[PDB]
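> Here it is: the structure, laid out below.
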Amino acid sequence: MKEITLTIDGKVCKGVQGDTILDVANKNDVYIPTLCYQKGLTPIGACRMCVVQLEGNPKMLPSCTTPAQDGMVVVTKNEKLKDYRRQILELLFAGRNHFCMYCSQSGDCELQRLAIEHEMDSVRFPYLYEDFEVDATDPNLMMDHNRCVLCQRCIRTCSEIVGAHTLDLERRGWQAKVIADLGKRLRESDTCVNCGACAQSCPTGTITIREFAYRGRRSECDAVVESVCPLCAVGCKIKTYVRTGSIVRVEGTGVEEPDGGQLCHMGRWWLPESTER
Amino acid sequence: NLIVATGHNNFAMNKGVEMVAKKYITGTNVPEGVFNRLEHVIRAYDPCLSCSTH
Amino acid sequence: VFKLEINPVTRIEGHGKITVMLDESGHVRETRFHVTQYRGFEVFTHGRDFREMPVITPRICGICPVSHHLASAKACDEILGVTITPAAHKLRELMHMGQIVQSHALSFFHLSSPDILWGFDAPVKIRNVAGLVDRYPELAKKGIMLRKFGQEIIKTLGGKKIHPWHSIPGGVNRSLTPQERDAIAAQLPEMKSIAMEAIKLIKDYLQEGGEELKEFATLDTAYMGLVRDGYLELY
Amino acid sequence: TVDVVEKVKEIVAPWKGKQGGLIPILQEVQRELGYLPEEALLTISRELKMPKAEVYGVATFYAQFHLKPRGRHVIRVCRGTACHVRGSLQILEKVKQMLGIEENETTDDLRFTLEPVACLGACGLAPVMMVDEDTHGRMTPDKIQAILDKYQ
Amino acid sequence: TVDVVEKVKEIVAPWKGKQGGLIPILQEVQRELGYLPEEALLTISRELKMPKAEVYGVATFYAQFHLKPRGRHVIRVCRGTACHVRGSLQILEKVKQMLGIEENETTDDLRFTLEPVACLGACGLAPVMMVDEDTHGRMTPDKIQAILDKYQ
Amino acid sequence: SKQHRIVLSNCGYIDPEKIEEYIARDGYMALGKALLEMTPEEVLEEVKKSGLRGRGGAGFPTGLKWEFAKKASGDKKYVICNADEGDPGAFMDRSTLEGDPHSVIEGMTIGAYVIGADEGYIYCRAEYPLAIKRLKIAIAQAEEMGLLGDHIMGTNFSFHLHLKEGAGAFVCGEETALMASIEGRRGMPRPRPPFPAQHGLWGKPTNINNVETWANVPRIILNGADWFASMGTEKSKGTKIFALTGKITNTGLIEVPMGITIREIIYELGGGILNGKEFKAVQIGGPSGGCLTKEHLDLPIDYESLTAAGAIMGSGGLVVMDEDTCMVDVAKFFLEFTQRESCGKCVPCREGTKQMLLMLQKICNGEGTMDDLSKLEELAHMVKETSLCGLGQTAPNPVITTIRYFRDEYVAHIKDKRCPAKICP
Ligand code: SF4
Ligand code: SF4
Ligand code: SF4
Ligand code: SF4
Ligand code: SF4
Ligand code: FES
Ligand code: FES
Ligand code: FES
Ligand code: FES
Ligand code: 3NI
């Protein structure tokens with residue numbers, strides 16, 4: 001039977017057979033904390049925050065990658081899962097240098113939303129204060145690597161959605177950094193089409209559009225109007241955020257369409273800049 | 001480079017503490033009202049020492 | 001040979017330390033006034049985008065987070081090379097005036113009003129904002145109202161009271177709708193009354209201690225300020 | 001500079017149009033050139049039509065690739081379980097403070113290089129401190145000088 | 001950096017207050033350090049209270065002083081009258097085009113250095129091409145490879 | 001001494017560069033037996049009922065693994081030999097590719113016949129500059145005997161046995177990272193599903209099995225089921241090679257039959273301890289495995305009797321540690337090796353292992369507290385329960401186990417300021 005019936009947090013859920021637990025979760029209503037699942041990009045299993053427990057089975061499995069099997073009891077919120085998710089968030093805060101006081105994305109950060117949700121009034125783990133580089137050579141994008149949870153949603157959105165495969169991982173283990181071509185700066189990169197889809201995929205304020213920093217926040221928007229870019233024929237679908245009579249951020253809907261929300265430079269950088277002429 | 005408010009008044013505050021000390025000396029017993037006057041010269045400018053030392 | 005320390009100097013902002021080095025006879029050889037805190041806002045910022053500076057720089061102080069906000073904003077506006085718009089000028093000036101009002105209200109009523117009222121020899125338990133609320137229930141409330149007026153302007157313009165974000169590099173993020181304009185204007189006959197009563201009180205304090213308070217750390221130095229054509233401009 | 005553009009463009013010829021083969025395509029430029037310069041990876045990415053970011057990621061992901069010129073004599077100390085329980089860490093830190101160079105980098109003029117390896121096989125004669133030619137079975141704290149001056 | 005400040009400040013001690021002695025005071029820092037760094041000349045000028053310009057002028061006026069690090073094996077070819085009439089210029093130019101380095105400078109990684117000298121004495125066995133250890137009596141155009149690979 | 005060696009029974013005896021001696025040791029007669037008389041399902045049910053508990057560190061009935069590997073929809077299956085060692089002190093796969101370079105070849109030909117695979121790989125580390133040439137010589141000298149080619153033994157079967165030199169990474173020790181390094185890409189464990197036996201190498205089926213588990217396949221059909229059964233206990237079945245090393249008397253491969261009392265594994269087989277001082281611990285699974293100490297003596301070492309003790313019998317890197325070696329020190333060492341050999345995808349193995357390394361370096365120096373120990377225990381349990389592949393799911397075993405067997409010792413490093421091995425206070 002394609003239509004399978006499960007039980008997430010008591011609430012009964014309905015899904016297609018091949019769907020993962022996160023798909024049948026986001027399909028009905030229920031919320032599972034995720035940081036590395038971008039609707040679209042193939043489920044990458046890096047943050048390990050979406051871990052859910054099956055009844056009887058004492059171990060925990062990611063809801064983004066484990067499939068839904070014909071009837072089963074999934075528990076998403078309890079004490080042990082909350083403890084492990086708080087520990088994961090605290091590891092992320094202790095490893096990288098996260099200062100929310102001055103982050104462009106303090107209100108949109110998905111690591112910040114999760115931290116506040118799990119009442120993270122501490123770090124617990126020793127703060128490793130290592131020096132990760134702040135790549136702001138590009139006049140349009142800035143990559144402040146000490147906020148990088150390492151979710152690869154920027155490598156995947158530049159590998160499978162944009163294609164100009166500019167970003168990949170540098171080293172192994174702890175030294176793993178997101179780099180442009182041959183470990184160079186984003187400005188020095190020949191293969192960046194300056195799209196910004198890396199800024200629409202980054203949940204954690206590492207990659208930010210510079211020109212519209214602190215204004216293109218989704219929490220401080222006055223309105224959210226869906227429309228179509230009028231600059232080219234592709235007519236990308238856009239989700240323009242309006243803050244006091246100006247567009248502050250243009251993120252592209254259509255993560256299910258073949259394009260994948262990768263609006264171009266002219267759409268993520270000329271549309272909000274034209275509301276201020 | 002930030003040149004902040006209390007910085008320009010640092011010399012005025014130093015010289016003011018000098019002048020209000022040099023008029024309310026006692027060889028011993030070092031009272032508390034003269035301490036309050038030595039603090040009030042600073043509180044006249046009411047300095048944000050956090051700005052001064054960025 | 002030996003020295004006195006007033007560490008920590010209280011009812012001021014920050015960390016201070018007055019040392020008074022005396023002689024063998026018990027007379028003041030010399031005094032100095034240290035600030036014993038340093039954070040490094042000239043070495044933090046190397047690498048950061050300049051647009052990050054109007055949000056980093058308000059964290060140098062909470063009594064004047066908009067002063068650093070606006071100075072950083074003018075610095076980044078000269079980095080961009082913008083005009084800037086007259087409406088932005090007047091809104092920035094409104095936020096700066098609100099900050100002037102709130103900082104001077106805190107400076108008079110919270111930090112320096114105990115010495116001005118109860119005298120420099122008053123007991124230490126009464127010399128604070130708390131004993132001021134107790135003994136003078138109306139003056140402390142008036143100072144609180146003036147500080148609240150300033151910070152309501154700052155909050156209306158920039159979201160938060162302390163460390164607001166209202167001035168982008170290039171202009172101003174948010175204007176004033178007529179309702180809150182009228183709300184701010186409807187309290188000005190009362191806040192001006194508060195300010196004038198404080199002016200009269202401090203003028204009676206300075207007129208009472210006639211010549212002593214006229215030589216209380218009064219040294220002749222130079223006076224730097226900002227000026228328009230011939231006027232007093234604060235922005 | 002022109003010596004590093006055709007040698008890398010010729011070792012890629014028997015891999016054109018074949019799926020896979022970047023791990024071997026590099027193990028060959030490593031054995032030939034001693035290291036993987038940026039020009040090497042650039043030409044590999046050009047010839048295989050593989051992204052430069054992917055090539056650099058694979059080149060820096062695995063330990064036995066060196067993106068900088070490695071020394072003319074490697075000083076592989078064994079930080080395996082058998083040597084470490086025997087106390088090879090002491091030998092490692094003294095060759096560290098003796099060459100004065102960081103943990104996994106080359107000397108300032110390309111004479112030596114310290115490369116902590118896994119078991120070199122002599123888990124009987126522990127600790128082993130291979131000096132790029134032959135095993136060295138005992139290597140107490142004092143026997144490190146009599147070899148580091150000899151091979152230089 | 002601190003290794004080059006007291007070794008030069010100690011070899012100058014037996015010359016303080018004595019007229020002359022900058023030619024020897026340098027021939028000693030040359031024999032010890034292999035070359036005369038700018039720090040060396042700076043400390044010589046400080047200690048002897050001789051002008052830095054004079055120290056640099058004497059250091060660059062004479063041939064056997066090298067202000068840059070010389071190689072670990074000198075390749076002194078003889079451009080004397082006896083070798084030149086025999087044709088040593090051919091040997092010199094081929095070691096030139098073979099190491100690819102300029103006339104009187106070191107290799108890029110400090111392995112060799114070409115230093116055209118005067119008569120090394122073997123004006124009978126001409127031309128002589130000393131490779132920092134021993135004489136070499138015949139040195140026809142083909143015998144230059146079999147030694148330059150050996151000493152490296 | 002006495003060990004009943006059957007896997008590396010020949011090893012050094014047979015000259016590795018000479019195939020004729022190996023076939024003179026009845027070697028490839030299995031291949032013949034399989035390709036001529038034994039129909040594929042028969043060797044399938046043979047190896048299945050043979051109970052060959054997978055020696056790939058995890059433990060598994062590899063007959064069932066091949067049973068999974070066959071039924072995959074496709075026609076381009078593979079068979080891989082993860083000839084790399086997890087423990088960087090283990091030289092078992094090294095010694096087996098040095099001694100008997102043909103057992104693995106014969107076993108993988110058998111298995112590729114069983115599951116219906118044509119292409120196969122052997123991933124051995126490039127940092128073994130002598131095993132590579134022995135294997136390449138073995139591949140050549142088996143190529144010329146019609147053993148890896150078109151219609152091996154005239155049977156309508158194809159098999160090309162490649163040889164991939166490992167780029168030196170323990171991260172590429174699990175299935176999906178091995179399959180990533182073979183496609184020429186960063187070794188990054190993708191989450192299953194897509195499963196390796198269904199959508200593995202190049203999207204085609206894959207049959208990764210251990211080099212020792214492959215080397216046991218020649219002796220499954222030459223002798224029969226009960227032969228492999230008649231070695232020990234009933235739950236786990238077969239025989240394991242062990243890189244017995246450390247500080248006892250004499251290291252080397254000690255292949256003991258089945259669950260045999262740890263006493264007559266270390267006390268008298270190796271023979272005492274160096275300088276005769278009684279041991280205080282033994283690592284029985286390497287870095288992915290736990291520790292056994294002074295209580296697990298009369299215990300069968302079989303796969304079931306020690307997974308509950310907390311130490312998966314992974315690739316036999318047993319190292320003995322007497323009182324002159326600290327347990328916090330070896331815990332930091334193993335966790336440092338793990339931190340150095342990890343991809344960096346999962347937040348638990350990238351940051352957890354870093355912070356656990358920090359907390360262990362702080363407990364060793366004595367700068368630690370009791371909340372430090374509680375945080376170390378909780379982070380260890382979290383990284384075990386949340387990590388992705390299984391390197392990290394078994395990375396804090398040299399902490400967890402050393403907590404459940406040296407707790408007081410841990411306390412003795414923090415509450416009191418003392419350490420058995422006086423290296424640093
Ligand atoms: S990225 Fe998010 S969590 Fe990190 S500092 Fe910025 S707002 Fe805070
Ligand atoms: S701007 Fe576009 S092409 Fe460039 S890195 Fe970002 S997503 Fe990739
Ligand atoms: S830059 Fe952002 S999107 Fe990319 S890996 Fe880091 S946190 Fe994820
Ligand atoms: S976002 Fe760019 S590509 Fe898309 S319609 Fe607009 S201009 Fe065209
Ligand atoms: S646990 Fe995570 S980081 Fe560690 S090897 Fe597996 S995938 Fe990589
Ligand atoms: S959210 Fe499921 S693992 Fe990233
Ligand atoms: S233990 Fe160092 S050689 Fe294997
Ligand atoms: S002529 Fe060359 S040696 Fe004298
Ligand atoms: S572990 Fe640091 S000395 Fe015992
Ligand atoms: Ni201030």
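Each chain in the structure tokens gets a letter, A, B and so on, in the order shown; residues start at 1 in every chain, and ligands are counted from 1 in the order they appear.
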Residues near residue 32 of chain B, anyone? I mean within 12 Å using only C-alpha atoms, not counting same-chain ones fewer than 2 positions away, as an mmCIF file with C-alpha atoms, in the first residue's frame.


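In the end it all went to around_39.cif:
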data_model
loop_
_atom_site.group_PDB
_atom_site.id
_atom_site.type_symbol
_atom_site.label_atom_id
_atom_site.label_comp_id
_atom_site.auth_asym_id
_atom_site.auth_seq_id
_atom_site.Cartn_x
_atom_site.Cartn_y
_atom_site.Cartn_z
ATOM 1 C CA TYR B 24 40.517 67.954 51.471
ATOM 2 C CA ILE B 25 43.600 66.208 52.849
ATOM 3 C CA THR B 26 43.849 64.775 56.348
ATOM 4 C CA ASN B 29 41.632 58.734 59.279
ATOM 5 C CA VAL B 30 40.762 59.340 55.553
ATOM 6 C CA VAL B 34 36.079 63.654 51.014
ATOM 7 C CA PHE B 35 35.902 60.337 49.122
ATOM 8 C CA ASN B 36 32.429 61.304 47.919
ATOM 9 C CA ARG B 37 33.787 64.649 46.708
ATOM 10 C CA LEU B 38 36.684 62.876 44.970
ATOM 11 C CA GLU B 39 34.045 60.747 43.270
ATOM 12 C CA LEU C 4 44.535 55.342 48.927
ATOM 13 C CA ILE C 6 38.524 54.255 45.873
ATOM 14 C CA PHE C 120 28.628 64.963 49.977
ATOM 15 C CA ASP C 121 28.609 63.906 53.656
ATOM 16 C CA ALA C 122 25.274 62.051 53.516
ATOM 17 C CA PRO C 123 25.201 58.405 54.709
ATOM 18 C CA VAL C 124 26.053 55.756 52.137
#

> Please give me, as a ChimeraX atom specification, the residues lying within 12 Å of ligand 4 when counting only C-alpha atoms and all ligand atoms.

/A:162,193-197,227-240,250-254,259-272

> Write out, as a short mmCIF file (atom, residue, chain, number, x, y, z; two decimals), in the first residue's frame, the residues just selected, with N, CA, C and O atoms.


data_model
loop_
_atom_site.label_atom_id
_atom_site.label_comp_id
_atom_site.auth_asym_id
_atom_site.auth_seq_id
_atom_site.Cartn_x
_atom_site.Cartn_y
_atom_site.Cartn_z
N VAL A 162 22.51 24.79 -8.67
CA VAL A 162 23.12 25.81 -9.50
C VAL A 162 24.10 25.20 -10.50
O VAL A 162 24.12 25.58 -11.67
N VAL A 193 28.60 32.11 -10.15
CA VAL A 193 27.73 32.90 -11.04
C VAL A 193 27.08 33.98 -10.19
O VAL A 193 26.14 34.62 -10.67
N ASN A 194 27.60 34.22 -8.99
CA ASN A 194 27.05 35.21 -8.03
C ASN A 194 25.54 35.09 -8.02
O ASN A 194 24.89 36.04 -8.42
N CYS A 195 25.02 33.98 -7.53
CA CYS A 195 23.57 33.71 -7.60
C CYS A 195 22.90 34.05 -6.28
O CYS A 195 21.83 34.66 -6.33
N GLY A 196 23.49 33.65 -5.16
CA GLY A 196 22.89 33.93 -3.85
C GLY A 196 22.10 32.75 -3.35
O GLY A 196 21.52 32.86 -2.27
N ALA A 197 22.01 31.69 -4.14
CA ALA A 197 21.20 30.54 -3.73
C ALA A 197 21.91 29.93 -2.54
O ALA A 197 21.26 29.15 -1.83
N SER A 227 5.38 36.73 -6.06
CA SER A 227 5.22 37.24 -7.43
C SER A 227 6.17 36.54 -8.39
O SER A 227 6.52 35.39 -8.13
N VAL A 228 6.52 37.21 -9.46
CA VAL A 228 7.39 36.64 -10.50
C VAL A 228 8.44 37.69 -10.82
O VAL A 228 8.08 38.87 -10.91
N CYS A 229 9.70 37.29 -10.95
CA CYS A 229 10.77 38.23 -11.34
C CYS A 229 10.42 38.72 -12.72
O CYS A 229 10.14 37.90 -13.59
N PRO A 230 10.47 40.03 -13.06
CA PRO A 230 10.16 40.44 -14.43
C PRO A 230 11.41 40.67 -15.28
O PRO A 230 11.26 41.10 -16.40
N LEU A 231 12.59 40.38 -14.74
CA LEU A 231 13.85 40.72 -15.46
C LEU A 231 14.07 39.76 -16.64
O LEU A 231 14.53 40.25 -17.69
N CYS A 232 13.77 38.46 -16.49
CA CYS A 232 14.05 37.61 -17.68
C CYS A 232 12.86 36.71 -18.00
O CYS A 232 11.85 36.81 -17.29
N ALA A 233 12.97 35.86 -19.00
CA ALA A 233 11.83 35.05 -19.47
C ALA A 233 11.55 33.90 -18.53
O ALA A 233 10.39 33.48 -18.47
N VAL A 234 12.55 33.43 -17.82
CA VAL A 234 12.38 32.23 -16.96
C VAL A 234 11.28 32.55 -15.96
O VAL A 234 10.55 31.62 -15.60
N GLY A 235 11.15 33.80 -15.57
CA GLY A 235 10.04 34.20 -14.70
C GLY A 235 10.06 33.45 -13.40
O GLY A 235 9.05 32.83 -13.07
N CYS A 236 11.19 33.50 -12.72
CA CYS A 236 11.33 32.76 -11.46
C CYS A 236 10.28 33.23 -10.48
O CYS A 236 9.92 34.40 -10.54
N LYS A 237 9.83 32.35 -9.60
CA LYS A 237 8.78 32.68 -8.61
C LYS A 237 9.50 33.22 -7.38
O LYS A 237 10.46 32.58 -6.98
N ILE A 238 9.06 34.34 -6.81
CA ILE A 238 9.80 35.01 -5.76
C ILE A 238 8.86 35.29 -4.59
O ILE A 238 7.64 35.39 -4.74
N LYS A 239 9.48 35.47 -3.42
CA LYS A 239 8.79 35.61 -2.14
C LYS A 239 9.20 36.91 -1.47
O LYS A 239 9.75 36.89 -0.36
N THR A 240 9.08 38.03 -2.20
CA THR A 240 9.65 39.31 -1.80
C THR A 240 9.19 39.76 -0.42
O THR A 240 7.99 39.84 -0.14
N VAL A 250 14.80 38.98 -1.45
CA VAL A 250 14.05 38.26 -2.47
C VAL A 250 14.54 36.82 -2.46
O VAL A 250 15.60 36.52 -3.02
N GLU A 251 13.80 35.94 -1.80
CA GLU A 251 14.11 34.52 -1.83
C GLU A 251 13.14 33.85 -2.79
O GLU A 251 11.96 34.19 -2.84
N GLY A 252 13.66 32.92 -3.57
CA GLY A 252 12.86 32.31 -4.61
C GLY A 252 12.11 31.08 -4.18
O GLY A 252 12.72 30.07 -3.82
N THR A 253 10.78 31.15 -4.16
CA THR A 253 9.99 29.94 -4.05
C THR A 253 10.17 29.09 -5.31
O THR A 253 10.63 29.54 -6.36
N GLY A 254 9.74 27.84 -5.20
CA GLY A 254 9.89 26.92 -6.30
C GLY A 254 11.02 25.96 -6.06
O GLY A 254 11.74 25.56 -6.98
N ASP A 259 13.94 24.42 -11.12
CA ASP A 259 14.93 25.46 -10.88
C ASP A 259 15.48 25.39 -9.45
O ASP A 259 16.70 25.33 -9.26
N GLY A 260 14.61 25.31 -8.45
CA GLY A 260 15.05 25.17 -7.09
C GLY A 260 15.35 26.45 -6.36
O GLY A 260 16.20 26.47 -5.47
N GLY A 261 14.66 27.54 -6.70
CA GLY A 261 14.79 28.79 -5.98
C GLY A 261 16.07 29.55 -6.19
O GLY A 261 16.29 30.57 -5.52
N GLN A 262 16.93 29.11 -7.10
CA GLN A 262 18.20 29.79 -7.37
C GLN A 262 17.97 31.00 -8.27
O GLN A 262 18.18 30.97 -9.49
N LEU A 263 17.44 32.03 -7.68
CA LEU A 263 17.23 33.19 -8.51
C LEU A 263 18.63 33.66 -8.88
O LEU A 263 19.58 33.33 -8.15
N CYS A 264 18.76 34.49 -9.91
CA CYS A 264 20.09 34.98 -10.35
C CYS A 264 20.53 36.22 -9.60
O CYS A 264 19.85 36.63 -8.66
N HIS A 265 21.66 36.78 -10.00
CA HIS A 265 22.16 38.03 -9.40
C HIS A 265 21.16 39.13 -9.68
O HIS A 265 20.88 39.90 -8.78
N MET A 266 20.61 39.16 -10.88
CA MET A 266 19.72 40.26 -11.23
C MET A 266 18.44 40.17 -10.40
O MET A 266 17.77 41.19 -10.28
N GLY A 267 18.15 39.04 -9.78
CA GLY A 267 16.87 38.91 -9.07
C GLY A 267 17.03 38.95 -7.58
O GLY A 267 16.12 39.43 -6.91
N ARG A 268 18.14 38.44 -7.07
CA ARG A 268 18.41 38.53 -5.63
C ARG A 268 19.24 39.76 -5.34
O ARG A 268 19.60 39.95 -4.17
N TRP A 269 19.54 40.59 -6.34
CA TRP A 269 20.41 41.71 -6.04
C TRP A 269 20.00 42.99 -6.73
O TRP A 269 20.42 44.07 -6.29
N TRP A 270 19.21 42.92 -7.79
CA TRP A 270 18.70 44.10 -8.46
C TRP A 270 17.27 44.40 -8.08
O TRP A 270 16.88 45.57 -8.07
N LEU A 271 16.47 43.37 -7.80
CA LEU A 271 15.10 43.59 -7.34
C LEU A 271 15.04 44.30 -5.99
O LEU A 271 14.27 45.27 -5.88
N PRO A 272 15.77 43.90 -4.93
CA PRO A 272 15.70 44.70 -3.71
C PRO A 272 16.41 46.04 -3.83
O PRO A 272 16.00 47.00 -3.17
#

> Check which residues fall inside 9 Å of ligand 7 when counting only C-alpha atoms and all ligand atoms, and print them as a count of residues only.

30

> Could you check how far atom CA of residue 69 of chain E sits from atom CA of residue 102 of chain D, in Å to one decimal?

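Pair atom CA of residue 69 of chain E / atom CA of residue 102 of chain D returns 23.1 Å.
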
> Throw together the list of residues within 8 Å of ligand 6, counting only C-alpha atoms and all ligand atoms, and drop it here as a ChimeraX atom specification.

/A:22,33-37,43-51,62-65,151

> Taking N, CA, C and O atoms for each residue, export the selection above as a short mmCIF file (atom, residue, chain, number, x, y, z; two decimals), in the first residue's frame.


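Okay, this is what ended up in part11.cif:
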data_model
loop_
_atom_site.label_atom_id
_atom_site.label_comp_id
_atom_site.auth_asym_id
_atom_site.auth_seq_id
_atom_site.Cartn_x
_atom_site.Cartn_y
_atom_site.Cartn_z
N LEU A 22 10.48 12.36 8.15
CA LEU A 22 10.37 13.81 8.07
C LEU A 22 9.36 14.25 7.01
O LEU A 22 8.70 15.28 7.19
N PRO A 33 12.55 19.13 14.93
CA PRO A 33 13.67 20.07 14.78
C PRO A 33 14.68 19.61 13.73
O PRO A 33 15.30 18.56 13.86
N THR A 34 14.84 20.43 12.70
CA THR A 34 15.79 20.18 11.63
C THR A 34 16.64 21.40 11.36
O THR A 34 16.20 22.54 11.53
N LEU A 35 17.88 21.16 10.94
CA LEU A 35 18.79 22.26 10.65
C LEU A 35 19.43 22.08 9.28
O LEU A 35 19.67 23.06 8.58
N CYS A 36 19.56 20.83 8.84
CA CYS A 36 20.23 20.52 7.55
C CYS A 36 19.28 19.98 6.48
O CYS A 36 19.79 19.64 5.40
N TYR A 37 17.98 19.95 6.70
CA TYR A 37 17.05 19.52 5.64
C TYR A 37 16.53 20.76 4.94
O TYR A 37 15.85 21.58 5.58
N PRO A 43 17.92 14.78 1.33
CA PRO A 43 18.17 14.73 2.74
C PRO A 43 19.64 14.44 3.04
O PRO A 43 20.07 13.35 2.76
N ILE A 44 20.35 15.41 3.60
CA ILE A 44 21.77 15.22 4.03
C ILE A 44 21.68 14.97 5.53
O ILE A 44 20.90 15.67 6.19
N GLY A 45 22.40 13.99 6.05
CA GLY A 45 22.22 13.63 7.47
C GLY A 45 23.37 14.10 8.30
O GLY A 45 24.12 13.25 8.78
N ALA A 46 23.49 15.40 8.50
CA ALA A 46 24.69 15.91 9.18
C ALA A 46 24.41 16.44 10.58
O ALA A 46 25.22 16.18 11.46
N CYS A 47 23.33 17.18 10.77
CA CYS A 47 23.09 17.84 12.08
C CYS A 47 22.65 16.86 13.15
O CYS A 47 22.94 17.13 14.32
N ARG A 48 21.99 15.79 12.75
CA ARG A 48 21.57 14.73 13.68
C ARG A 48 20.65 15.32 14.75
O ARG A 48 20.56 14.71 15.80
N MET A 49 19.86 16.32 14.40
CA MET A 49 18.92 16.98 15.33
C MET A 49 17.53 16.43 15.16
O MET A 49 16.72 16.59 16.06
N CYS A 50 17.25 15.84 14.02
CA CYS A 50 15.92 15.34 13.72
C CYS A 50 15.69 13.93 14.24
O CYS A 50 14.74 13.29 13.80
N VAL A 51 16.60 13.43 15.08
CA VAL A 51 16.55 12.07 15.61
C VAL A 51 15.23 11.81 16.30
O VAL A 51 14.74 12.64 17.08
N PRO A 62 17.64 9.22 12.50
CA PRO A 62 17.26 10.44 11.84
C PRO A 62 15.94 10.36 11.09
O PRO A 62 15.76 9.46 10.35
N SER A 63 15.10 11.37 11.23
CA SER A 63 13.79 11.35 10.57
C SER A 63 13.92 11.82 9.13
O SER A 63 13.04 11.51 8.34
N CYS A 64 15.03 12.44 8.79
CA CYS A 64 15.24 12.98 7.44
C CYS A 64 15.66 11.87 6.53
O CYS A 64 15.35 11.96 5.33
N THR A 65 16.34 10.86 7.04
CA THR A 65 16.90 9.84 6.14
C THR A 65 16.22 8.47 6.26
O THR A 65 16.23 7.76 5.25
N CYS A 151 26.47 22.13 7.31
CA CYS A 151 25.24 21.41 6.94
C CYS A 151 25.29 21.07 5.47
O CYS A 151 24.40 20.33 5.02
#

> Would you give me, as a PyMOL selection string, the residues in chain B that DSSP reads as helix (DSSP H, G or I)?

chain B and resi 5-21+32-45+49-52

> Excluding same-chain residues fewer than 5 positions from residue 129 of chain F, what lies within 12 Å of it counting only C-alpha atoms, as a PyMOL selection string?

(chain D and resi 120-121) or (chain F and resi 94+97-98+124+134-136+165-166)

> Would you give me, as an MDAnalysis selection string, the residues of chain C that come within 7 Å of chain B, using only C-alpha atoms?

chainID C and resid 9 12:15 25:28 30:33 35 37:42 60:61 107 112 120:121 216:217

> Taking only C-alpha atoms and all ligand atoms and a cut-off of 10 Å, can you tell me which residues surround ligand 5, written as a ChimeraX atom specification?

/A:45-48,172-174 /F:170-174,176-177,187-191,338-339,341-353,383-384,386-395

> Distance atom 6 (Fe, counted along the ligand's line) of ligand 2-atom CA of residue 154 of chain A, one decimal place?

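Calculated distance between atom 6 (Fe, counted along the ligand's line) of ligand 2 and atom CA of residue 154 of chain A is 7.1 Å.
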
> Which residues form the shell of 10 Å around ligand 1 when you count only C-alpha atoms and all ligand atoms, given as a PyMOL selection string?

chain A and resi 89+92-93+96-116+144-149+202-207

> Atom CA of residue 115 of chain F to atom CA of residue 234 of chain F: how many Å, to one decimal?

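Pair atom CA of residue 115 of chain F / atom CA of residue 234 of chain F returns 26.5 Å.
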
> Could you please tell me, as a PyMOL selection string, which residues of chain C have an atom within 10 Å of chain A when using only C-alpha atoms?

chain C and resi 46-59+159+163+165-166+168-169+173-175

> Which residues, written as a VMD selection string, have at least one atom at most 12 Å from residue 100 of chain E, with only C-alpha atoms counted and residues fewer than 6 positions away on the same chain left out?

chain E and resid 92 to 94 106 to 108 112 to 114

> Can I get the selection written as a PDB file, in the first residue's frame, with C-alpha atoms?


ATOM      1  CA  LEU E  92      80.677  26.878 -17.228  1.00  0.00           C
ATOM      2  CA  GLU E  93      77.864  27.674 -19.666  1.00  0.00           C
ATOM      3  CA  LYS E  94      76.607  24.108 -19.669  1.00  0.00           C
ATOM      4  CA  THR E 106      72.030  29.754  -5.643  1.00  0.00           C
ATOM      5  CA  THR E 107      69.344  27.252  -6.601  1.00  0.00           C
ATOM      6  CA  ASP E 108      65.739  27.950  -5.559  1.00  0.00           C
ATOM      7  CA  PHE E 112      73.815  23.965  -5.319  1.00  0.00           C
ATOM      8  CA  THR E 113      75.574  27.221  -6.213  1.00  0.00           C
ATOM      9  CA  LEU E 114      77.821  28.204  -9.116  1.00  0.00           C
TER      10      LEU E 114
END

> Excluding residue 60 of chain F and any residue of its chain fewer than 4 positions from it, enumerate the residues within 12 Å of it, using only C-alpha atoms, and give them as a list in words.

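Contacts, with the query itself left out: residues 48, 51, 52, 53, 54, 55, 56, 64, 65, 66, 209, 210, 213, 235, 236, 237, 238, 303, 304, 312, 313 and 314 of chain F.
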